[PDB]
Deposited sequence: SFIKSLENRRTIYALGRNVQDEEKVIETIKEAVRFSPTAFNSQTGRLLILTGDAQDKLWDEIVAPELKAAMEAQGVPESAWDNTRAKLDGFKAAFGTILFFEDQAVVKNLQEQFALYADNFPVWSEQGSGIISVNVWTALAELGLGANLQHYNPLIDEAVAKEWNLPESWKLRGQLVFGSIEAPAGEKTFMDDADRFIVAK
C-alpha cells in the first residue's frame, strides 16, 4: 500500500548505525531519485551520500565549526547516524533551460525547488520502507563551500537539504493534522 508507505515515513531524531545492508540502502536511494518526476525530465537533482568516516567529517569538521564560527559572530545526534544524504540542484541545467525556453525562464527555478522536495521525500520514504529512520536538516547555505571543497563538487550544485539517516533508536513523536475542511474543497 502506497498510502501506508507514506504514513510509515516519519521524522526520527534518534538514529544509530545498526544498518544491515549498506549496498541495498544505496541502491534504494538511487532508485527513489531515478523514478521521481522533474519538469521537462530535466533531472536537476544531485546527491552526495556520506557514510562512515565521511559522515563523521561532515558533522565534526564542517557543520560544527561553521555553526560555532557563525554563532560567535548538540549536533552529536546527527553524527551518531549512519549517514547523511546531501541534496543539491544543478544550476547549470536550470540556467540552460532558461536559455533554451526563455518563455518559461521564471518557472524552472520554481520547478527545480519543487523537484528538490520531491526527491528528498521519495528517498526519505524509501528508506523508511527499509526500516530506517531519517530527518531533514537545513544547514545550507552556511556549510555549502566547505562541503563543495571537501568532496570536490561542481560549483553549479546548489545545496538544498541534508537528510540524516540510520537505524531507528527511538520512535517518532506525536503529530497533529489540520481539519480536512480547511484544506480540501471538492466540487462536482
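Colleague: Given the full deposited sequence, which segments carry no C-alpha coordinates?
Modeller: Comparing the full sequence with the modelled residues, the uncovered range comes out as just 74 to 86.
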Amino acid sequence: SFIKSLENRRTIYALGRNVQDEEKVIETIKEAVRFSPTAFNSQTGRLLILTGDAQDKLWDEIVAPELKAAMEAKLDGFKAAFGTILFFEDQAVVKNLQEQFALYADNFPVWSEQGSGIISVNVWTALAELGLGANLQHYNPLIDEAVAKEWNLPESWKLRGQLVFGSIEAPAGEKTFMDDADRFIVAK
From here on, numbers count along this sequence of modelled residues.
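In this text, the rigid core denotes the largest set of C-alpha atoms whose superposition between the two forms falls within 1.5 Å.
Colleague: If you line up the core and then measure how far each C-alpha sits from this form in 5 other deposited structures of this protein, which stretch comes out higher, 74 to 82 or 112 to 120?
Modeller: Evaluated in 5 other deposited structures of this protein, the stretch farther from the shown form is 74 to 82.
Colleague: Using only C-alpha atoms and the B-factors in the entry, which stretch averages higher, 126 to 134 or 61 to 69?
Modeller: Stretch with the greater average CA B-factor: 61 to 69.
Colleague: Using only C-alpha atoms and the B-factors in the entry, which stretch averages higher, 135 to 143 or 27 to 35?
Modeller: According to the PDB entry, the answer is 135 to 143.
Colleague: Whose C-alpha has the highest temperature factor in the PDB entry: 81, 118, 85, 102?
Modeller: Answer, based on the entry's C-alpha B-factors: 102.
Colleague: Lowest, middle or highest third: which one holds residue 158 when the chain's residues are ordered by CA B-factor from the entry?
Modeller: Residue 158: CA B-factor falls in the middle third of its chain.
Colleague: If you rank every modelled residue in this chain by C-alpha B factor, which third holds residue 48: lowest, middle or highest?
Modeller: As the PDB entry reports it, the C-alpha B-factor of residue 48 lands in the lowest third of its chain.
Colleague: Splitting the chain's C-alpha B-factors into thirds, which one does residue 188 fall into?
Modeller: Its C-alpha B-factor belongs to the highest third of this chain's values.
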